[PDB]
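Listed next as structure tokens is one chain, alone, in the form deposited in one PDB entry.
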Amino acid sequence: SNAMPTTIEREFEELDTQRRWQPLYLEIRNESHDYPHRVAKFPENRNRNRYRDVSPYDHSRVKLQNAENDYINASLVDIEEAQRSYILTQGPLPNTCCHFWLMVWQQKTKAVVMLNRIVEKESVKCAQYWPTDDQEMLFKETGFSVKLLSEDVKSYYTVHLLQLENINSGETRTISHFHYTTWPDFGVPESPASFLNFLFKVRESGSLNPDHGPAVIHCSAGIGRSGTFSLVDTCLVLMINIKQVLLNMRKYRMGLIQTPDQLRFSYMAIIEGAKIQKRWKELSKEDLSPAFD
């Protein structure tokens, strides 16, 4: 243990007392690398993109193997230095839920992390791409079905245990679907504890470990909340220059972290995380029935 505050804690104190979060965010925007995204912008892919100005780079886009059109709005975010990769994607469209599950199958993904609500400020942000009851959800276009096996309902998140079936091979895989239900669009989690309680629930499943394909992280556009989650997880693993880590992650997917408050939150979560999981759990008020047996 060091008495000297970390480079990160030093930065946080300056930025807070000098009120420089908006200017730092501006620097990150202007210093962000630009790469081609021609495939995203082929006319035949228009109905595969939720938003006109969030596209994957050609160099890091996830390809749908063996399909007439291999395009999905999804990016492989690779941080070798941390032995972490993630796929960050948009909320699937009604027409791209089939592509989403084909991607999950092909990439050997074990966890989906969903950070958005289906409807936010009266706008549909995501299709209902997993079941809400005991009914089998069929994706005929790609030959997958999804069953809800069980769910763990907490006060601000739900863990859905899903069975994904490749209906052609008959093979199945159980997928952990971690749904954060109280993280507002263009907003931040209620507290560092609430976010860290969630991230460590994901970690404690094994789904982020290298024996599995990359976890699929999404929100609405797959950059704001998804970028916050990935930035915090990547920095905790590396524990560092957070500004440089974010600019490197942005080389793989445009626009990660969408607000100055998301950047400040990322700092606070990393400083809380870098240190207790029982304190996070109680402070998160995750339990709907906290009564002792």
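Note that residue numbering follows the sequence shown and begins at 1. Whichever C-alpha set is largest while still superposing within 1.5 Å between the two forms counts as the rigid core.
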| RMS Cα shift after core superposition in 8 other deposited structures of this protein, winner of 112-120 and 218-226 | 112-120
| request: Would you say which of 159-167 and 122-130 moves more relative to the shown form in 8 other deposited structures of this protein, going by RMS C-alpha distance with the core superposed? | output: 122-130
| query | Of the other entries that cover residues on both sides, do at least a third skip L283? | reply | no
| remark: Between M239 and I240, the number of deposited residues left without coordinates comes to 4 to 9
| task | Scan the PDB entry between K275 and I276 and report the missing deposited residues as one of none, 1 to 3, 4 to 9, 10 or more. | result | 4 to 9
| Taking the recorded C-alpha temperature factors, which stretch has the higher mean, 27-35 or 252-260? | 27-35
| query | Averaging C-alpha B-factors over each stretch, which comes out higher, 3-11 or 283-291? | reply | 3-11
| message | Comparing recorded Cα B-factors across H218, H179, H212, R173, which one is largest? | response | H212
| Candidate set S155, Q163, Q83, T132 [ranked by C-alpha B-factor, highest] | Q83
| Lowest, middle or highest third: where is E68 by Cα B-factor in its chain? | highest
| request: Check where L246 lands among this chain's C-alpha B-factors and tell me if it's the lowest, middle or highest third. | output: middle
| remark: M103: CA B-factor among chain residues, third -> lowest
| remark: Split the chain's modelled residues into thirds by Cα B-factor; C235 lands in the highest
| message | Going by the CA temperature factor in the PDB record, which third of the chain does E120 belong to: lowest, middle or highest? | response | lowest
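One more form of this protein exists, namely the form solved in complex with a small molecule; it is left out here, but the text below deals with it.
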| said: Partner absent here, but in the deposited complex, which of 209-217, 178-186, 68-76, 103-111 has residues with a heavy atom within 4.5 Å of the small molecule? | reply: 178-186
| said: Within 4.5 Å, heavy atoms only: does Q258 come near the small molecule in the deposited complex? | reply: yes
| Does the 4.5 Å heavy atom contact test between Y57 and the small molecule in the deposited complex come out positive? | yes
| query | Is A221 close enough to touch the small molecule in the deposited complex, meaning at least one heavy atom pair within 4.5 Å? | reply | yes
| query | Is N47 close enough to touch the small molecule in the deposited complex, meaning at least one heavy atom pair within 4.5 Å? | reply | no
| said: Just to be sure I understand the contacts: of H33, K41, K63, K243, which is the one whose heavy atoms reach within 4.5 angstroms of the small molecule in the deposited complex? | reply: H33
